[PDB]
Number of protein chains: 4
Amino acid sequence: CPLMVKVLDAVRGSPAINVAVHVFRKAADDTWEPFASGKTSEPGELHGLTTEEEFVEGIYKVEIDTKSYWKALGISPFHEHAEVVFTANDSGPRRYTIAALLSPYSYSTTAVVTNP
Amino acid sequence: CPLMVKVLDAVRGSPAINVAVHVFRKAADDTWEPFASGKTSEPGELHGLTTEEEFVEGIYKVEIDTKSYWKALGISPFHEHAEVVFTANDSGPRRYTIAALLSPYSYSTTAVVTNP
Amino acid sequence: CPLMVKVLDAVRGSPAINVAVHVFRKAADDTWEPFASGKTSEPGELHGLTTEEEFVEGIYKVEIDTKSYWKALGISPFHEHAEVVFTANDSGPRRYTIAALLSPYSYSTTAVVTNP
Amino acid sequence: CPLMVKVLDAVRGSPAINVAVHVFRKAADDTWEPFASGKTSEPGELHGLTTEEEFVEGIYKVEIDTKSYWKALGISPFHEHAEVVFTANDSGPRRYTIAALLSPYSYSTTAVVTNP
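Residues numbered from 1 in each chain as written, not as in the entry; some residues may be left out. Chains lettered and ligands numbered in written order. Heavy atoms only, no water.

K.L.:
Mind laying out the sheet that holds strand 4 (residues 32-39) of chain C, listing which residues take part and the relevant values?
P.N.:
In space, the eight strands of this open sheet follow the order 4(C)-3(C)-6(C)-7(C)-7(D)-6(D)-3(D)-4(D), with antiparallel pairing throughout. Looking at which strands have only one partner, the edges of the open sheet turn out to be strand 4 of chain C together with strand 4 (32-39) of chain D. Across the sheet, the mean angle from the axis of one strand to that of its neighbour is 20°, orientation sign disregarded. Where helix 1 (residues 66-73) of chain D meets the sheet, it contacts strand 6 (58-64) and strand 7 (79-88) of chain D, and its direction lies at approximately 145° from that of strand 7 of chain D. (Pairing = 2+ DSSP bridges. Helix = DSSP H or I, 4+ residues; strand = E, 2+ residues; numbered from the N terminus. Axes fitted to C-alpha atoms, helices over the stretch in contact; angles between N-to-C directions. Contact = heavy atoms within 4.5 Å.)

K.L.:
Lay out the relation of the copies chain B and chain A with the relevant residues and their values.
P.N.:
Aligned on chain A, chain B shows an RMSD of 0.8 Å; the corresponding rotation is 180° and the shift along the axis is 0.2 Å. When the rotation and shift are considered jointly, the pair of chain copies conforms to a two-fold rotation axis. Considering only C-alpha atoms, the residue of chain B closest to the rotation axis is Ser108(B), which sits at 2.1 Å. Taken as a fraction of all interface residues of chain B, those also at the interface in chain A reach 91%, which identifies the copy contact as same-surface. (Least-squares fit on C-alpha atoms.)

K.L.:
Quick rundown of the relation of the copies chain D and chain A? Include the residues and the values.
P.N.:
Superposing chain D onto chain A requires a rotation of 180° together with a translation of 0.0 Å along the rotation axis, leaving an RMSD of 0.0 Å. With an isologous cut-off of 70% or more, the 100% of interface residues of chain D that recur at the interface of chain A puts this contact in the isologous class.

K.L.:
Just give me the short version of the UniProt feature "binding site: L-thyroxine" in chain A, but keep the residues and values in it.
P.N.:
All names here are of chain A. When the UniProt feature table is mapped to this numbering, "binding site: L-thyroxine" covers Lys 6, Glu 45 and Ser 108. For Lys 6, the location among the structural elements is in strand 1 (residues 3-9). Judged by its relative accessible area of 25%, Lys 6 falls in the partly exposed class. Discounting chain neighbours no more than four positions away, the residues touching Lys 6 are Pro 43, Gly 44, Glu 45, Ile 98, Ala 99 and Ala 100. A polar side-chain atom of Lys 6 sits 3.2 Å from the main-chain carbonyl oxygen of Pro 43. Inspection of the secondary structure assignment puts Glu 45 in strand 5 (residues 45-46). Setting aside chain neighbours within four positions, we find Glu 45 in contact with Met 4, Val 5, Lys 6 and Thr 40. (UniProt positions renumbered as here; feature names shortened; annotations may be inferred. Buried < 20%, exposed > 50% of the residue type's maximum accessible area, 1.4 Å probe, protein only. Polar contact = N/O pair within 3.5 Å; in protein donor to acceptor, adjacent residues only side chain to side chain.)

K.L.:
If you had to explain the packing of aromatic side chains to someone new, which residues and values would you point to?
P.N.:
Applying the stated criterion across every chain, the model contains 38 aromatic pairs over all chains. Measuring from ring centre to ring centre gives 5.3 Å for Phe35(A) and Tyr60(A), while their planes differ by 75°; the resulting arrangement is edge-to-face. Here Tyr60(A) lies in strand 6 (residues 58-64) and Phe35(A) lies in strand 4 (residues 32-39), a separation of 25 residues in the sequence. Since its relative accessible area comes to 25%, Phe35(A) is described here as partly exposed. An aromatic cluster is built from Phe35(A), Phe55(A), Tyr60(A), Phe86(A), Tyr96(A), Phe78(B) and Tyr105(B), whose rings are joined through pairwise contacts. Taking NZ or CZ as reference, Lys61(A) lies 5.8 Å from the ring centre of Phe24(A), over its face. (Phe/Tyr/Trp six-rings, centres within 6.5 Å; stacked < 30°, edge-to-face > 60°. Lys NZ or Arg CZ within 6 Å of the ring centre and 35° of its normal.)

In structure tokens, the structure reads:
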């Protein structure tokens, strides 16, 4: 698991469950290729998106469907979605945790990059 | 101003000056059309991007070139840019402030929406 | 102003109005001495807390009464208050802006420090 | 483990290791009693601070010595420390995760409160 996504809800102080996540990779065409997707589970995590073989250097985009999450709760949100765009670079083994902290009119995203 | 962007630097405790910002509007073809651009000035703000007449209902993207900002300081940051995507003016004209707080591996963005 | 406090609400996308703020300075006895207080006004700001002459070197505490803010809105929040503690003016006089972004279970605080 | 503390470094995109944490409980005297302490480990977590028997309803303070952490890295920080003050309330089983995201001039803190 070189790539993990974790989503938290700052209004309720809870993991954000059932949030759709889409991952894209920038293709030679300079367009965004579907790469992986999933919905967050009870602890607000999405595991198993990819494997070390497939997760080669490149530019990746992580799209989190925050608007549907707030709409389920009855809260009118500002953003259409939250996007995280980054380069993956070989340099030691790397694991990536992309964390997102959600409010209706604000979000924070942080990357924790560790080397096992 | 109907649209104002404010950018702060969490490492130095200072406004983020000379940050490039590009604004796009989603067209009828579902492509992103260039709408306005500029660079933050010394208080970390960008004003004058649009007028009330031009700033019609639509889906807008604000792209903040964070990577160039950190590289000019000697830091290799995680994100390629910070992107904020939102529906604007769909219940009438509003005034939008988009704020971004920058760190090398993390950013936060908040919207303040007022009714003129 | 040598000291300004700005408070935003991440749930509503709005400045946080009528929030009580108390400022304390650490005394020679290591107790917290009351220094200034006030309430945020409609743009979410509190000005006029002190003067350059009064705002000497020291350790200062800014206490933001977040709990009362959320309770007046019907929400039972996690934190009792938000506290910001910092050394001020130790290399000469500076101008401080203390910003706080509020959600029910999360808050962020940032300092912007400028040299007059 | 009803209480866990997790500390992240937004400059380096890493867990914040060896950060001192002190936990206090508000005593009948209305003063702060030492309750638990520790230093964060490699994944930036502090476990084992207390037990369900001892963690009764009350007001608790968590103090994170952020200033020493930045000083070790050669970065001049703004805050003396980060403080988190909250009430623990019986109402179902509750576990508390206090998360802190650190930058030199900014920090965020979030509570994730779950019921097993």
